[PDB]
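Protein chains in written order, with the UniProt record's numbering: chain A, 6 to 362, 364 to 396, 405 to 463, 494 to 512; chain B, 6 to 362, 364 to 396, 405 to 463, 494 to 512.
There are 2 protein chains.
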Amino acid sequence: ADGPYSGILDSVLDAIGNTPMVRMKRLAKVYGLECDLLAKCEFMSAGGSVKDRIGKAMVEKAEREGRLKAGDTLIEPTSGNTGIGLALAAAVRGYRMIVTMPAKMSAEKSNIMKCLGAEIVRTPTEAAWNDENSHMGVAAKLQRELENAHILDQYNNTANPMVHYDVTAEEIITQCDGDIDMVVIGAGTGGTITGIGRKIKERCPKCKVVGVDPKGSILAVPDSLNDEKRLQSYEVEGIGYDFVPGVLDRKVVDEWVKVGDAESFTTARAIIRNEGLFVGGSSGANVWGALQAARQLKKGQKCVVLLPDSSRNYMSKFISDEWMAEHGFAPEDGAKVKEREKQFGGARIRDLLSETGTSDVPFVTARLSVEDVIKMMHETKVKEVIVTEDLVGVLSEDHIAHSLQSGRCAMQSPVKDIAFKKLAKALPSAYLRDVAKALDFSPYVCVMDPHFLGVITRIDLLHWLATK
Amino acid sequence: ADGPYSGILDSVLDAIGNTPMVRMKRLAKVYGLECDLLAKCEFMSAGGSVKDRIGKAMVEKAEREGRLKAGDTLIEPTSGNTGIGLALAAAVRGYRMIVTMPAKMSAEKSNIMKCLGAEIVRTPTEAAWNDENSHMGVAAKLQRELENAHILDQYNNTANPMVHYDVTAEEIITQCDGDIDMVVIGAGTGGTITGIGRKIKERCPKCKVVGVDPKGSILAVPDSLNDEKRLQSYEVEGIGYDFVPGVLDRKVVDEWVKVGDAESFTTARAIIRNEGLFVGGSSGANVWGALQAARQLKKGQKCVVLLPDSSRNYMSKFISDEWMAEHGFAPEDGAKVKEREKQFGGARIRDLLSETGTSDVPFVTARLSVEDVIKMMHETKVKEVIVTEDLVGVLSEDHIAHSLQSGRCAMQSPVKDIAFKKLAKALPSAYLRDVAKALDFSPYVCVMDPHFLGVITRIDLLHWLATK
Ligand SMILES: C=C(NCc1c(COP(=O)(O)O)cnc(C)c1O)C(=O)O
Ligand SMILES: C=C(NCc1c(COP(=O)(O)O)cnc(C)c1O)C(=O)O
């Protein structure tokens, strides 16, 4: 029915949490997993991450103890999502925001915190926690150098795990009806795993809690698991640190699973492809850990995995196939790039132009009157023409006639005004996979040497694939 | 409480809709608006847009009439969000997706539909609806050329407005308790405004419904309002077309408001800044139309505005200040760029280096053993040093000591391994606003002519601002 959103909300802070739980049946059937893999889709909060909760939570504590007055400044070291949550809380309740984040993190987090009126100081990636050039040391320096400033310190504030123990874990319990067999959850500050695992083990002691730690971090138990890539920097954002945060109670977690970059990203793309959950990379790490840890489970049992982050924060980073190819990561089992590699292979546009059958595409200087160009088009019997300057684009008779009827194309007007201006350049040595990726962004694809041989669209490639 | 998400969900299709309504008090107080401006945050659906609903909806109709079997292909012309919704439905229920979208639309929509296993054919921006190079004409051609393909045709399918009449309008009614005085809603295909306005006027006849149409479109009534920029292409995505779609009942809408690009984008950024709703540009258009139309309303009355789209689809486009400066759009009344322009003005780093007070920053060839570099650092009494090749980065004694303790820095190892590798180049003629924007992405900022004068961080700029 409708209980929680059935009224009007006072601010965006009231739209945090209350996240649905979805059964990933298709993904389980893909990976050959017998049990029910439930996903807590924390990326669907108003701010698009689980950390929103603690952001809100901490401010509430700072307000329930009277420690915070209007106009104050908030400083917080973060990998990006807590900065967003605290920035939301500050823009709503009238506080000043300063974020300290490492250079490793994405630019979308930075831009979104900038739209929320927050100052952004970035710190070097390779700095240790002890360095005063660390995000935490720089935040401490800013607290020392700024008046009416406060560091809420999500690494040591009890609100961070207390709210995952109060509401989120209670959410997971009430939607799974108490029956939980495994919980796989990423270990960043460790607040989410601590709080959720504690509440669940209190209400369901037979539940195993699995912590996910990236290869490079030192949070897993024992240290014989962390020595794969000791303190080697990784790309996944959100989990793992070079120290044990104050809120992390590693004794409440039973197992530890090590997950690397390649597995995390390919499984995140698998989640998007097979379930349709616009999810982040750390959630790929958590789901890979869950698929490895819950392999021994049976049907009927429920393994709950946290999906912390939304794709919005890594929209240019790993959603783009260009960047995952530049970082040498296997795209996915079933993906568009591998599909194009399978169908096209090494076929180049030379092969298509040869199999179809003289580069006699008419050309005009792009400032002809439309009357002269239609006379040339009717005398040459071709339908399309290419306009270029001393390249401009393509121009069809259909658009000519319809825009003359529409009141957009004058008789004495230059053909530059009505030609199609979005184009993509190619050359015969190019493969067909690359022209398909180019067709993802541009309607036409034209060749050159300046002697162009023709125009290439998606239906031409479909016809070529039909000949195979 | 918890009614709708209190269980486990079968797929992401069940997480569509059920969107909360938030009162934009801060934004109303900013613009000087007396009434309650309620926002239906359709961008919080699982797919991040209102169109998810109709996407789901249409498939359901196509399944309830038995017209759709497993393995079929779905073709759909879209500005991007319906393509996403239908791609979600296809990935869940096992259908093949082909999207036809104009080149005007963002690349995030394309990439996200590619991650959902959908083929993407793009069409020219300037093409009219009649052209067979139009998104609709190309979709028709693909339907003619492909077997087991179906076009659900959101422009003419009754599911599109029927579901906004069945659930979404009923949602708005049940959360506003029947009392609605104005509804401002964007006119794209017109399905959302038709359905919602019809249901609301049926349940509350005293309600005015305001349609928003971008300057360039021909959907507003009368035509004396559309002649600002007749058929001139615009940047906002989602609303307005060169024809009246089949589902648009322009007689059920009372007013029409014309909103241009500049107003839409600056108001979208204002929404993000003042309310903290990660919202899209079309929602800026709708909110600007609402602020203009509901100006005559009183406190107590409720003006409901639709927020169709999520910022995720325009993350690189208009969230980035670079692109809004390149398109000559006023950033916002209160924004970080204008704040930096106010505090810094025309001050260049020459002025800061002069006011602070000899460019004697030590340099090393970036392959010295750490022992030699620490001896040089102790003999020069400086703390930081700059490593460069035949630029590499910066290197501090704090990181030296802590990483030697950490097991990451050998005695005979080269200083390249432990130096900070993320850097930003500047030159003395650069303004301070530009170095602040650069500091949004990089921890340090160093100058050059190759003679570097020093390193610049955020605390240095804070100190300079403290001297003013
Ligand atoms: C460390 C931070 N985030 C934690 C996090 C996590 C781990 O959540 P924890 O509450 O820190 O255990 C997983 N995924 C993402 C994307 C995350 O951002 C932060 O916001 O400073
Ligand atoms: C036209 C399409 N979207 C409609 C839309 C609208 C208008 O919604 P309509 O249901 O078409 O009236 C507003 N904002 C955005 C971002 C939109 O995408 C489409 O998905 O093809």
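All C-beta atoms, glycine included, are put in the ideal place defined by N, C-alpha and C.
Under 8 Å Cβ-Cβ, which residues of chain A neighbour residue 443/B?
Taking a Cβ-Cβ threshold of 8 Å, none of the residues of chain A is close to residue 443/B; the smallest such distance is about 24 Å.
Exercise. Using a Cβ-Cβ distance under 7 Å, would residue 447/A count as near chain B?
Worked result: So no, residue 447/A is outside the interface.
Discussion item. Counting only beta-carbon separations shorter than 7 Å, does residue 229/B have a partner in chain A?
Written reply: No, residue 229/B lies away from the interface with chain A (no Cβ there is under 7 Å from its Cβ).
Review point. So which of 306/A, 270/A, 206/A and 55/A has the shortest CA-CA distance to residue 328/A?
Key: In terms of Cα proximity to residue 328/A, the closest of 306/A, 270/A, 206/A and 55/A is 270/A.
Based on DSSP bridge pairs, tell me the residues matched to residue 214/A.
188/A.
#### Entry: Close beta carbons around residue 46/B, own chain, < 8 Å, minus the five adjacent residues each side
Closer than 8 Å at the Cβ level, and outside the excluded window around residue 46/B, lie 24, 25, 26, 27, 282, 284 and 312.
Give me, in chain order, the residues of the same chain whose beta-carbon lies closer than 6 Å to that of residue 180/A; leave out the 5 immediate sequence neighbours on both sides.
Scanning its chain for C-beta atoms nearer than 6 Å, with the 5 sequence neighbours on each side dropped, one finds around residue 180/A the residues 26, in chain order.
message = Considering Cα atoms alone, identify which of 447/A, 455/A, 17/A and 393/A is closest to residue 434/A.
response = Minimum Cα distance to residue 434/A is reached at 393/A.
Please report whether the beta-carbon of residue 113/A lies at a distance below 7 Å from any beta-carbon of chain B.
Judged by the 7 Å Cβ criterion, residue 113/A is in contact with chain B.
Discussion item. Quick test of your reading: residue 198/B and residue 174/B, contact by CB under 8 Å. State the CB separation rounded to the nearest angstrom.
Written reply: Between the beta-carbon of residue 198/B and that of residue 174/B there is about 10 Å, and that puts the pair past the 8 Å contact cut.
If I measure Cβ to Cβ from residue 447/B and keep anything under 7 Å in the same chain, skipping five residues before and after, which residues do I get?
Around residue 447/B: 345, 346 and 349.
*asked:* Given 6 Å as the limit, tell me if residue 359/A has its C-beta closer than that to any heavy atom belonging to ligand 1.
replied: A distance criterion of 6 Å places the beta-carbon of residue 359/A beyond contact range of ligand 1, judged by its closest non-hydrogen atom.
Tell me which residues share the same chain as residue 241/A and place their Cβ nearer than 7 Å to its Cβ, disregarding the 5 neighbours each side in the sequence.
Counting only Cβ-Cβ distances below 7 Å, and skipping sequence neighbours, we find 219, 266, 269, 286, 287 and 290.
Taking 7 Å as the threshold (beta carbon to beta carbon), is residue 82/B in contact with chain A? So no, residue 82/B is outside the interface.
- Taking residue 331/B as the reference, which of 337/B, 437/B, 339/B and 322/B has the closest Cα? Of the listed residues, the one whose Cα sits closest to residue 331/B is 322/B.
message = Check this for me: beta carbons of residue 52/B and residue 94/B, under 7 Å apart or not?
response = No, these two residues do not count as a Cβ contact at 7 Å.
Completely contained alpha helix (DSSP H) runs for the stretch 108-172 of chain A, where each covers 4 or more residues:
Counting whole runs of 4 or more residues, the stretch 108-172 of chain A contains the alpha helix (DSSP H) stretches 112-120, 140-150 and 164-168.
- Task: Return the CA-CA distance between residue 42/B and residue 176/A, expressed in angstroms with no decimal places.
- Result: Rounded to whole angstroms, residue 42/B to residue 176/A spans 31 Å at the Cα level.
> Just the Cα atoms here: how many angstroms apart are residue 158/A and residue 142/A?
Replying inline: Roughly 12 Å between the two C-alpha positions.
Practice item. Tell me whether the beta-carbon of residue 211/A lies closer than 7 Å to the beta-carbon of residue 39/A. Key: A distance of 7 Å or more separates the beta carbons of residue 211/A and residue 39/A.
Give the interface partners of residue 308/A over in chain B, defined as CB-CB distance under 9 Å, in chain order. Chain B residues near residue 308/A: none, gap ~12 Å exceeds 9 Å.
Point to revise | residue 457/B and residue 149/A closer than 7 Å at C-beta | key: Taking 7 Å as the Cβ cut-off, residue 457/B and residue 149/A do not qualify as a contacting pair.
Does the separation of the CB atoms of residue 106/A and residue 78/A fall below 7 Å?
Taking 7 Å as the Cβ cut-off, residue 106/A and residue 78/A do not qualify as a contacting pair.
task = Mind listing the chain A neighbours of residue 212/B? Cutoff is C-beta to C-beta under 9 Å, in chain order.
result = Ordered by position in chain A, no residue passes the 9 Å Cβ test against residue 212/B, which lies about 16 Å from the chain.
Exercise for review: Please list the segments of the alpha helix (DSSP H) lying wholly inside the stretch 265-303 of chain A, counting only runs of 4 or more residues, in order along the chain.
Suggested key: The stretch 265-303 of chain A contains these whole alpha helix (DSSP H) runs: 266-279 and 286-298.
Report task. Could you pull out every residue in the same chain whose Cβ sits closer than 8 Å to the Cβ of residue 96/A, ignoring the five residues on either side in sequence? Result -> Closer than 8 Å at the Cβ level, and outside the excluded window around residue 96/A, lie 102, 121 and 122.
**Residue closest to residue 259/A, alpha-carbon to alpha-carbon, out of 419/A, 226/A, 238/A and 390/A** = Comparing alpha carbon positions, the residue from 419/A, 226/A, 238/A and 390/A closest to residue 259/A is 226/A.
For residue 65/B, the first and last residue of its enclosing beta strand (DSSP E): Element bounds for residue 65/B: not the beta strand (DSSP E) but the alpha helix (DSSP H), 56-69.
Query raised in the report: Does DSSP put residue 438/B in a helix, a strand or coil?
Result: Residue state for residue 438/B is assigned as coil, using DSSP reduced to three classes.
Shorter than 6 Å, the distance from the beta carbon of residue 173/A to the closest heavy atom of ligand 3, or not? Judged by which ligands are present, ligand 3 is missing from the structure shown, whose ligands are ligand 1 and ligand 2.
Span of the alpha helix (DSSP H) holding residue 356/A? Annotation: the continuous alpha helix (DSSP H) that includes residue 356/A extends over 354-361.
Using the Cα positions of residue 98/B and residue 9/B, report the straight-line distance between them to the nearest angstrom. Each residue's Cα considered, the two are about 22 Å apart.
inquiry  = Closer than 7 Å between beta carbons: that is the criterion. Which residues of the stretch 122-139 of chain B meet it against chain A?
reply    = Flagged, chain order: 122, 125, 126, 127, 128, 129, 130, 131, 132, 133, 135, 136, 137 and 138.
Counting contacts by CB-CB distance shorter than 7 Å, is residue 269/A in contact with chain B?
The beta carbon of residue 269/A sits no closer than 7 Å to any beta carbon of chain B.
* Alpha carbon to alpha carbon, how far is residue 56/B from residue 11/A? -> Approximately 21 Å, taken between the alpha carbons.
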